[PDB]
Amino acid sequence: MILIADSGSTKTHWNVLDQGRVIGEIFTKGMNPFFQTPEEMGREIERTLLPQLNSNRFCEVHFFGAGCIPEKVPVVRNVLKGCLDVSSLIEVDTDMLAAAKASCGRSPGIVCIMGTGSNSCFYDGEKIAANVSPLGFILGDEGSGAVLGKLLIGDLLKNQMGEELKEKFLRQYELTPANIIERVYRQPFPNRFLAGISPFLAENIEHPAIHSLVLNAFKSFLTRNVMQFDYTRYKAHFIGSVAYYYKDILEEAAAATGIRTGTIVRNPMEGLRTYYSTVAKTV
């Protein structure tokens, strides 16, 4: 009856709300209109989503994703209307707004995403009222998986972390220094590659130098992004796998910088379902 989606770098999460039930665990590839053509997006829904659905008939669709800024929402709406039989309404907005709806519902707060990339905004309870452009894995995106990966690879290859952790990393991911350079400078989606090797931090978090890398990265995200908003007045909510799997260090960073922490959740899907059952039910 209702279809909801949150689209990230790696995957899109789809949920169906129908007759008081939730059907989750429906995944496709990411669906970012800055990186995919309308025919690529259409091909992807047709081939990978529709087979997982009993029907393509829906009352409403609420699609959220990276790249679904104003300029791109008509494109995405178009793709969806061509694949799905939607009787009422198709909403398209950003992953950030999904994170806000999930974590804050209908009330105000500071909302942050910490996954492959990172992002932060002020949500007024209805819409994003302010935001800090992340700037990508090179210039910004502090605390993201990609930046964590960027920091780690720099530390290991420059021998900042000793021989053992370096060789353990290269052996684990079957990388040479030459391969890493190739992938970072000369292949598509280097941010994805870097994020993909960042779990090495969580696995080795016991090492003081690893713990420190993560702590400093997070402090950097908070001071450069979150502290731009009225943080002494509003809780900051965090959504994403980086936020979640390094939750202890994120709280440590917040205590050290002076930020009131709120929700820390792995993904916004549970919160979005709450949104569409409770608050958004009425409209």
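Throughout, we count residues from 1 along the sequence that is shown.
Note on 198 to 206 vs 135 to 143: mean CA B-factor is higher in 198 to 206. A summary of the deposited B-factors shows that, of 78 to 86 and 112 to 120, the stretch with the larger mean C-alpha value is 78 to 86.
By the numbers in the PDB entry, the CA B factor is greatest at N56 among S220, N32, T28, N56. Annotation for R183: C-alpha temperature factor in the middle third relative to the rest of the modelled chain, per the entry. Among the modelled residues of its chain, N225 has a C-alpha B-factor that falls in the lowest third, as given in the PDB entry. Ranked by C-alpha B-factor against the other modelled residues of its chain, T94 falls in the lowest third. The entry lists a Cα temperature factor for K235 that places it in the highest third of the chain's modelled residues. The entry lists a Cα temperature factor for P51 that places it in the middle third of the chain's modelled residues.
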